[PDB]
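**Student:** first piece of the complex, coordinates kept as in the full assembly:
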Amino acid sequence: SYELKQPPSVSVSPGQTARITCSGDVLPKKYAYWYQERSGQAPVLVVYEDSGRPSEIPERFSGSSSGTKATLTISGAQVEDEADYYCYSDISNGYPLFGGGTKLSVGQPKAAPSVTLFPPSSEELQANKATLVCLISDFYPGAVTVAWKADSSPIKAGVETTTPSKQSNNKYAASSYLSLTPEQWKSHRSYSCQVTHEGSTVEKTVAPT
């Protein structure tokens, strides 16, 4: 399989330039595209064949590329430029791809997330189920990354994270849940919920006790 390795999140101040990358093993042989998708809205083309640019896309959106990294550079960041950006290209035998996508935010005072981790209640355990809850509160801009760790080892099977939500205080709220079996919860000796936001990483851990 193959990946358009694309940074999950990116934020910039109104008026300054923003740069989104997109690594890839076959990008040196295949073109790269960029799409802009505003919340609950069809994606829109902003860049094609690495540098092309549609006649509806303002010049400040500059596509470029080289080797194995395409880069969507958005200058003079606007409040309207806040949305998700995805790169496109394909494998070494034509099948199309998409990057993980990237979140582009603008302005208000930046804030770090309040992370709280809860272990499985002995009660839910009696129900032959285990569920670790990771609440992420008061962060800004509204974009975070949640990775779960089984004793320092990663894991993906059993994770359900929410989409950043706007609290009443104009900051954001997120929640992530790792579902295990009563046996796994006791199997390992520690589970950890690490929430990285703006390069910053908060990592709370819990262990059977």
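**Tutor:** Alright, I've got the coordinates. Residues are numbered from 1 along each chain as shown, chains lettered A, B, ... in the order given.

**Student:** helices of chain A, start to end?
**Tutor:** A:122-126, A:182-187 (DSSP state H).

**Student:** tabulate those helices (JSON lines), appending distance to residue A:152.
**Tutor:** For the C-beta atoms, the positions are set from N, CA and C on the backbone; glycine is no exception. As requested, those are exported to JSON lines (distance: least, CB to CB, whole Å):
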{"stretch": "helix A:122-126", "distance to residue A:152": "23"}
{"stretch": "helix A:182-187", "distance to residue A:152": "14"}
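
**Student:** contacts only, for the residue in chain A sticking out farthest from the centre.
**Tutor:** Most distant from the centre of chain A: residue A:126, at 34.5 Å, with distances by CA atoms, centre = their mean. By CB atoms under 8 Å, 6 or more residues apart in numbering, no residues touch residue A:126.

**Student:** do you know which of the helices of chain A lies nearest residue A:149?
**Tutor:** helix A:182-187 (13.0 Å; CB to CB).

**Student:** dump the C-alpha coordinates for the closest one into CSV.
**Tutor:** Listed next in CSV are the C-alpha coordinates belonging to helix A:182-187 (Å, rounded to 0.1, in the frame of the first residue of the first chain):
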residue,chain,number,x,y,z
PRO,A,182,-11.2,-7.3,30.3
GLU,A,183,-8.3,-9.6,29.5
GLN,A,184,-6.2,-7.1,27.6
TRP,A,185,-6.7,-4.5,30.2
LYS,A,186,-5.1,-6.8,32.7
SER,A,187,-2.8,-8.3,30.0
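
**Student:** buried sites along stretch A:125-140?
**Tutor:** By neighbour count on 16 or more other CB atoms under 10 Å, the buried set for stretch A:125-140 is A:125, A:130-137, A:139-140.

**Student:** sequence below should go in as chain B:
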Amino acid sequence: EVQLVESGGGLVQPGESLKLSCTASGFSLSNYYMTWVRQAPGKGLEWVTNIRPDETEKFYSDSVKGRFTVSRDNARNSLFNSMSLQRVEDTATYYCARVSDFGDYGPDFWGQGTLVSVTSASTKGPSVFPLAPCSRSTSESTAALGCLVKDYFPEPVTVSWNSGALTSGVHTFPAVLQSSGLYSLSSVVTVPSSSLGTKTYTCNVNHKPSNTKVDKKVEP
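**Tutor:** The block that follows adds chain B to the chains above:
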């Protein structure tokens, strides 16, 4: 000018079938290549298929190859995506787009999409489990206590504390839509661990859709 309109998306159960349709206007469908790209709520864009204008070639993502089949009717400016043997993971919003004609094949114009939900979720009530730390976070000046409102359906759920008395420190998080088409959400109320063993903390979960009301008193 260029315009794409999806439809057919709806709510169905695993294994069941569904046939989406995309009708275009503003251009000759027969002059372009078409694709369907889907996106599960809060997730990235995932490519599904591409279909040659003369329909002599059809490409599908491994995830859907065999179950989904693309088809067109350049005469009726229509693209079609018949999905069969539905899986939960196929749940997402289906976008049909016009495939550009330069560089490799990215699309240029996307329709707004049609939502495709797929579950057996009926109307479960929420289970409510206590949310308290082990021994580390219990030794703070103000830890957090909460209620885990697990597996319910459909939204919404109302959480409160001490029948509405307690309000400060309360933070009811947005529900997470677990794989099994069932919602879950937590609600924590941050309070001092000093006067913790003297006061009562009781969330009152309300789920009218299920006609359920639970009151769990969390202790330290």
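
**Student:** chain B added, so what about the buried residues of stretch A:125-140 now?
**Tutor:** Residues A:125, A:129-137, A:139-140 are the ones in stretch A:125-140 that count as buried (16 or more other CB atoms under 10 Å in any protein chain shown).

**Student:** and what of stretch A:197-209?
**Tutor:** So for stretch A:197-209, counting by 16+ other CB under 10 Å, buried means A:197-198, A:202, A:204, A:206.

**Student:** now do stretch B:94-114
**Tutor:** Neighbour counts over stretch B:94-114 (16+ other CB under 10 Å) mark B:94-100, B:103-111, B:113-114 as buried.

**Student:** mind giving me the domain ranges of the chain?
**Tutor:** Unless you meant another one, I'm taking chain A. If you go by curated CATH domains, the domain ranges for chain A are A:1-107, A:108-209.

**Student:** nope, chain B
**Tutor:** B:1-120, B:121-218.

**Student:** near chain A, list only the ones from the buried residues of stretch B:94-114.
**Tutor:** Of the residues in the buried residues of stretch B:94-114, proximity to chain A by CB under 8 Å from any CB of the partner chain holds for B:95, B:97, B:100, B:103-111, B:113.

**Student:** and these, which two are the farthest apart?
**Tutor:** Longest span within these, CB to CB: B:103 and B:113, 23.6 Å.

**Student:** which residues does residue B:162 contact?
**Tutor:** B:200-202, B:204 (CB atoms under 8 Å, 6 or more residues apart in numbering or on different chains).

**Student:** of those, which is the nearest to chain A?
**Tutor:** When these are compared for distance to chain A (CB to the nearest CB), residue B:201 wins out at 14.3 Å.

**Student:** number of nearby residues for that closest one?
**Tutor:** 21 (other CB atoms under 10 Å in any protein chain shown).

**Student:** again, but for the one 10 residues further on
**Tutor:** Counted by other CB under 10 Å, the residues lying close to residue B:211 total 9.
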